2 protein chains.
Amino acid sequence: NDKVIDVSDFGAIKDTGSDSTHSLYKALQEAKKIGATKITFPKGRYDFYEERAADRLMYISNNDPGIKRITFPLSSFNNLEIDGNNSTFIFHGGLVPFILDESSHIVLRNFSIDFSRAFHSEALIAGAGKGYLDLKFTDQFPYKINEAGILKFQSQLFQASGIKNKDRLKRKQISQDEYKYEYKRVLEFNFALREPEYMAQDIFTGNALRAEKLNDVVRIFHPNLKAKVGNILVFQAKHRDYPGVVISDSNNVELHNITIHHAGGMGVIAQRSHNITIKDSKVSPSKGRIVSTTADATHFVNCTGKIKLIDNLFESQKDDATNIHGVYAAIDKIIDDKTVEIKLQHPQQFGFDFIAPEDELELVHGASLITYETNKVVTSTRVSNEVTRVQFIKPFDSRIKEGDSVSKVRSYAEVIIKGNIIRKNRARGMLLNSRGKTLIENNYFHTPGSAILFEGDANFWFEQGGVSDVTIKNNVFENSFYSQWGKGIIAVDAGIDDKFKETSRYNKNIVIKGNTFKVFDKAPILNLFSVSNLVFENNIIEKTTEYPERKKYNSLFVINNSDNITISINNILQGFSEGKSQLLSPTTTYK
Amino acid sequence: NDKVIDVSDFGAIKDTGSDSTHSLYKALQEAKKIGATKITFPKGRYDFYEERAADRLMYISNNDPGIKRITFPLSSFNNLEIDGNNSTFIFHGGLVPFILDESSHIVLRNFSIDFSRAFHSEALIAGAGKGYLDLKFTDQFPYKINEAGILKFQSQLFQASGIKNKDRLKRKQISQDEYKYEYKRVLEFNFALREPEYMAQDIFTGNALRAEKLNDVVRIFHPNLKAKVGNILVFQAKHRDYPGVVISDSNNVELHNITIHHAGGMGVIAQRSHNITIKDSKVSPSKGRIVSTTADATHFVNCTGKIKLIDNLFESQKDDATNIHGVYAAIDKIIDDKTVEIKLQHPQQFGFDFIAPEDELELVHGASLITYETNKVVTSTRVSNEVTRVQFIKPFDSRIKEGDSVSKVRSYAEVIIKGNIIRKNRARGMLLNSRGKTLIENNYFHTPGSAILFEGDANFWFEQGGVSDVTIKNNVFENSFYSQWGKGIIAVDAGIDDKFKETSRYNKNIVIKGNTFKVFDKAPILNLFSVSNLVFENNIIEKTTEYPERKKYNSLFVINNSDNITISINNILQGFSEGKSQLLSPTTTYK
Ligand SMILES: OC[C@H]1O[C@@H](O)[C@H](O)[C@@H](O)[C@H]1O
Ligand SMILES: OC[C@H]1O[C@@H](O)[C@H](O)[C@@H](O)[C@H]1O
Ligand SMILES: OC[C@H]1O[C@H](O)[C@H](O)[C@@H](O)[C@H]1O
Ligand SMILES: OC[C@H]1O[C@H](O)[C@H](O)[C@@H](O)[C@H]1O
Ligand SMILES: [Cl-]
Ligand SMILES: [Cl-]
Ligand code: NI
Ligand code: NI
């Protein structure tokens, strides 16, 4: 039809293991040429390789920039639905499955994304001693130990060809693939619960560990290795070069019933885009794996309109389930009374262009995150993937210094996050850096880090946060924040120096009602600073014994430098040995 | 003036160490806007950094592709001379100094190029034992040994700031710079002669060596380490990301009195360009260094017109002094009787586009390098940075198989290489893969590898060679080919399988006259196969004792599968103990 295009008409045949990339490409161009509104896959398994994938330079915020090979290069597509009919997609090597670029009204529906060799690696811990672990790898994680004695994971094990010359080039190719499987650090996971081991920490290794094949078993050596035998050691991928679904300068995108088993980086990363829905989808590992995506499950940078995460499962990724936030760029040079040069600060922010004439920017004091003023841009001149020269309509506030920051005033995204399951990932649940109206309703949280974190800073990540209207209602937080890294189940960790906490009110107007908190010890349920107007009422708090109690904590409510904080008497806490009046009484310390 | 632009008028001030990149940029744009023909630097030292350099995707043949930061982004410039007045240019970090792209009539004159921290590293060998070397590094080569026990070179040593937060970002930045200084292998250099140690070999390490700080001295561990104490160990840079001068799709470019002290990769790399002169220039290390560029000094891919290398010094680079050659692309898929898909084979060839309609291509048998036919292109469709679909005007020769190759029929460059000094580099002198008229006159060669190599192959490098008109006259070859890797002083090593050597005549019409060969043993002066019509006459051959004699060789002239080879009786050989009649008598073996 000129309305519905079947990829098989273009040569893509399921269930054979052959490369479907070019057939898919021609089907895409025909859909655009005639204006078809849907591309369908006959249900089956489709494999995509590097050799015939479109190449484009990409800057992708909070991931690694470079030349990308892209299986679905959805540049300037409009009103196009891709229905996989529950096909499974397998990506071989360094591929970005989807990049939506200047596209509009795109629907992705009914398929799964996976890579044939994960970018992270995993092993069974078979033994442990001072300065070493003994590991067992499955076939799924090929590796070599070279003559230098260094463990190096591989894209695949070299199978000889017959033709001697095809072998020399294939070895060189496998050898250059090593970069993609570089590791950075290791983390112990509980075998039975399939989550980071209780009170285990990241152990920084670098990308080279000393190793020996005992002579089936691999011993790795590092002074700081420690782990329980029988658990699973995860090698964290060093790079974020292959995110799953990139949504960039696009609008009205919907993901329905998408399963992202794996990504080199984040599963879904959206930048400078408007209206995004992710519904009935899954971030969850494929067979034999305890880890899903090697970074965040979802992530939104300078997005507008409505961001909806509805009835999804987000489990087992190496970072947060979501983060919705803006970009700060530091004021690097003051040119004249009207003109500055801003510089993107974090490496995975380089190439993020966002300042244009007529834009309004916040001018922000760095150590306090307090806004001096807003000012309109009349000139924006991109000098590099770091520096942009900005001239304002009027001279900027005379208190502004080099080292302060700007962020664009936006129609901040309205956030609706409901019905999701968030568990077994490594870090936090949700970073709520959304200044727009935010609703967190009917989610389940079981996270090692904070289930919900208000962050943002203008000194390292350079991420704009600061909420103005948040409702967290009818959620279950079950034994969340069980790790050693974090400040509470629901916490503020904005980059506000101690000396400015008393005057900065970065997060405002938060309602926390009707939730159930199942907690195993007395770590903070709320750990707040620089908040104005928060009401915590009609919650149920219920003591458990899921994990050993951490003696470091003896306060459910840590409040500093805030105003209008109501920890209502109408909350219910049962199963604690202390009195209700003590348990609801805020402290300034963990105590 | 509107004719001559002084960079200092645009804010570039010598001898201060500040970044001159943006001032230079505005001077470049003004020169293009008004049509000025020259930009001058007041003599001094100018430093260029990453932060404000223009970023562009680049595919650069025989080097590494990616996003490049470019100090002199000479895109679409015409009739422009850059005169440095013997200024010195210092490049900090990952910068490509010059990229000439679609430019015309460009003159670069009177300056030097260097990087503040070399991409390779060097050390004094202070001790040696089984499976280890003991090294001493100077300040110029900063490094860390991390807790894993791995030696990792650094862009710089971290100097604390005062402000604690500027320190955290700077550490992250220094940490991400580590990739640029990765090593691959080590090679021992003779301290006194400043050249690869006699009969030393590359020792493959990989990018991670075990190491210990003895407690000023660094011990590295690897089973295959062996070296003489007092020599200098060079760590070969793993990447070729920052070549010195890129000349791409450009014409009529001249380099006069340019000193390239260092490059991350090749000093000068030219691709698909027409008429290039390099005169009175130097590739030669800066103070404290024994290595110059980390790959070839110069290199020309699919160039046309005249290539002139006149009165230059090319010393101490890690590869060849020059290589002038074409590209083969393998026939990966046969589509129909008229249509194939070609695929670039070597990773550093990806993104090399060269086939367009109306082009004539050679269709070549892979194992023999014999041309089946030429055929004209009517359709070229780039699928990726690897694959292009090519359709011919007529059905191609029915003997063609997948695995054969194509190369474009070109106005092959006329090559004039005269008055150059070639010495102390690691590999060969000149790879003469130039099918156009070639003149090698009045050069001095002192190379560890072959001084002059006819190479090319369609199985690994995929480089088109095959000479048709070569004159090698009045050169001095002094103790060249003193290493264990090579086949002779002047040798053929084309990728022609043994079974086709008898029928393939890939190199034709070579005159070798009036040269002086000073040789220390009886390795081949000529080692030829698949040559037709070569005359070796009026040469002087003179025995020396510069290096120990290699007992493996007892033949100055090894000839196989050739025709019309004249080793004239009018050559002079003095200082040998064998008879003249034996010494000029060809063999089929080293004997
Ligand atoms: O799960 C138990 C294990 O937990 C880790 O955090 C600890 O470092 C190991 O020594 C072992 O105690
Ligand atoms: O230069 C002398 C040295 O040369 C190297 O090629 C050899 O491996 C060392 O053991 C030492 O003999
Ligand atoms: O703390 C913010 C931080 O959170 C996660 O780690 C993300 O992966 C990062 O990109 C960054 O957004
Ligand atoms: O043998 C050919 C080979 O020669 C040198 O090593 C060059 O650095 C390579 O790019 C390649 O051209
Ligand atoms: Cl202030
Ligand atoms: Cl043949
Ligand atoms: Ni937002
Ligand atoms: Ni040529």
Exercise for the section: For an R0 of 30 angstrom, estimate the FRET efficiency from the Cβ-Cβ distance between A:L193 and A:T589 and round to the nearest 0.05. Expected result: 0.45
Exercise for the section: In vacuum, with every alpha carbon of chain B counted as one equal point scatterer, what does the Debye formula give for log10 I(q)/I(0) at q = 0.06, 0.11 Å⁻¹? Two decimals, please. Expected result: -0.33, -1.10
Handout entry: Between the stretch B:162-225 and the stretch A:91-134, the alpha-carbon center distance in angstrom
Key = 32
Fill in the blank from the handout: Plugging the Cβ-Cβ distance of B:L57 and A:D353 into 1/(1 + (r/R0)^6) at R0 = 22 Å yields, to the nearest 0.05, a FRET efficiency of 0.90
Fill in the blank from the handout: For the stretch B:512-563 the trypsin sites (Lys or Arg not before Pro) that pass both the DSSP coil test and the at-most-12 other-Cβ-within-10 Å test are B:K551, B:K552
Practice task
State the Cα centre-to-centre distance between the stretch B:441-464 and the stretch A:275-336 in whole Å.
Solution key: 52
Exercise for the section: Can you grab the distance from the C-alpha centre of the stretch A:341-389 to the C-alpha centre of the stretch B:474-498, Å, no decimals? Expected result: 58
Fill in the blank from the handout: Cα extents of the stretch B:160-218 along the principal axes, largest first, in whole Å, come to 52, 25, 23
Fill in the blank from the handout: Here the averaged projected area of the stretch A:413-583, based on the convex hull of its alpha-carbon atoms and given in nm², is 9.4
Problem - Computed Kirkwood radius, in angstrom, where 1/r is averaged over Cα pairs of the stretch B:68-170 - result: 17.6
Practice task
Of the listed pairs A:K26/A:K164; A:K487/B:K172; A:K166/B:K508; A:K152/A:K228, which have alpha-carbon separations greater than 26 Å here?
Solution key: A:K26/A:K164; A:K166/B:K508
Problem - Equivalent ellipsoid, the stretch A:229-327 (semi-axes from 5 times Cα gyration tensor eigenvalues, Å) - result: 25, 15, 10
Fill in the blank from the handout: When the charge dipole of the stretch B:86-173 is computed with +1 at the Cβ of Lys and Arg and -1 at the Cβ of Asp and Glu, the Cα pointing farthest to the positive end, of B:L169, B:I150, B:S112, is that of B:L169
Problem - Residues in the stretch B:501-537 reached by a label modelled at B:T566 [backbone nitrogen below 14 Å; 7 Å Cα→Cβ] - result: B:509-514, B:533-537
Handout entry: Convex hull volume per residue for the stretch A:320-449, taking Cα atoms only, in Å³
Key = 116
Exercise for the section: Give the nm distances, rounded to one decimal, from B:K394 to the matching residue in every other copy, measuring between label points 7 Å along Cα toward the beta carbon; shortest first. Expected result: 7.8
Handout entry: the stretch A:327-408, relative contact order [Cα under 8 Å, separation at least 6], %
Key = 40
Fill in the blank from the handout: Expressed in nanometres to one decimal, the distance between label points 7 Å along Cα→Cβ at B:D15 and B:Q140 is 2.4
Practice task
Pop a pseudo-label 7 angstrom from the Cα along the beta-carbon direction at both B:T374 and A:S532 and give the gap in nm to one decimal.
Solution key: 8.0
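Scale the Cα Rg of the stretch A:272-384 by the rule-of-thumb value 2.2 N^0.38 Å and send over the ratio, two decimals.
With N residues counted in the stretch A:272-384, Rg over 2.2 N^0.38 Å equals 1.38.
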Fill in the blank from the handout: Per DSSP, the loop-located trypsin sites (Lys or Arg not before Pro) within the stretch B:1-78 having at most 16 other beta carbons within 10 Å are B:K3, B:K43
Exercise for the section: Let me know the Kirkwood hydrodynamic radius for the stretch B:1-156, please, with Cα pairs as the basis and the value in Å to one decimal. Expected result: 17.7
Handout entry: Length released on extending from B:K394 to B:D249, taking residue separation times 0.36 nm less the Cα-Cα span
Key = 49.3 nm
Completion exercise
Computed curve, the stretch A:121-237, Cα-only Debye sum without solvent term, log₁₀ I(q)/I(0) at 0.14, 0.21 Å⁻¹, is -0.60, -1.17
Fill in the blank from the handout: Using the Kirkwood radius over Cα pairs of the protein assembly as shown, the Stokes-Einstein translational diffusion coefficient at 37 °C and 0.692 mPa s, in µm²/s and rounded to a whole number, is 100
Exercise for the section: Pop out the ³J(HN,Hα) list for the stretch B:575-588 in order, Karplus 6.51 cos²θ - 1.76 cosθ + 1.60 with θ = phi - 60°, rounded to Hz; leave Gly and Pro as x. Expected result: x, 9, 8, 7, x, 4, 5, 6, 6, 9, 8, x, 10, 9
Problem - Calculated label separations, B:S532, copies of the chain, 7 Å along the beta-carbon direction, nm - result: 9.0
Exercise for the section: On each of the three principal axes of the Cα atoms of the stretch A:298-345, give max minus min coordinate, whole Å, ordered largest first. Expected result: 51, 26, 7
Exercise for the section: Check each of the trypsin sites (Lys or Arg not before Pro) in the stretch B:262-365 and keep only those in coil by DSSP with at most 10 other C-beta atoms within 10 angstrom; list them in order. Expected result: B:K287
Problem - Sequence-distant residues sharing a close amide H with B:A54 (under 5 Å, placed H) - result: B:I70
Practice task
Taking each label point as 7 Å beyond Cα in the direction of the beta carbon, state the distances from A:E212 to the same residue in the other copies, shortest first, in nm.
Solution key: 1.4
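Note: ideal-geometry Cβ built from the backbone for every residue, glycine included; neighbour counts use all protein chains shown. FYI, it's all coordinate maths here, none of it is from the lab.
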